[PDB]
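Taking the form deposited in one PDB entry, here's one chain by itself in structure tokens.
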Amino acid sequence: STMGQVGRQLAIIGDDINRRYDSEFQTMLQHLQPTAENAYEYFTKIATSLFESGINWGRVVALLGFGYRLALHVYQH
């Protein structure tokens, strides 16, 4: 039942993560204007340049979220 307590604190963290950077993702997507024909190439090099300048869990998270929004952007366009 303490599993709910820890689970509730992750819900706050995740909901805070979900809204804190959601706007910053869409700004990049508008400046990128990605399509199905360039999404893979855009994503792969962006990932390489991000990680070759350093990698940590937060950067992995930021890239995962970017890739998720990038996929949503391409599906809707």
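Residues that one form lacks are left out of the comparison. Rigid core: the largest C-alpha set superposing within 1.5 Å between the two forms. From 1 onward, residues are counted along the sequence shown.
J.: Could you settle it for me: does 56 to 64 or 17 to 25 have the higher average Cα B factor in the PDB entry?
T.: 17 to 25 has the higher mean C-alpha B-factor.
J.: Tell me which of 1 to 9 and 67 to 75 has the higher mean C-alpha B-factor in the deposited entry.
T.: The deposited B-factors put 1 to 9 ahead on the C-alpha mean.
J.: Among all modelled residues of this chain, ranked by Cα B factor, put residue 44 in the bottom, middle or top third, i.e. lowest, middle or highest.
T.: Within its chain, residue 44 is a lowest-third residue by C-alpha B-factor, going by the deposited values.
Quick note: we don't show the form deposited in another entry, though the next part is all about it.
J.: Given a rigid core superposition, which stretches of at least 3 residues have all Cα atoms displaced by 2 Å or more between this form and the one not shown?
T.: In sequence order, the runs that relocate between this form and the one not shown are 18 to 20, 53 to 69.
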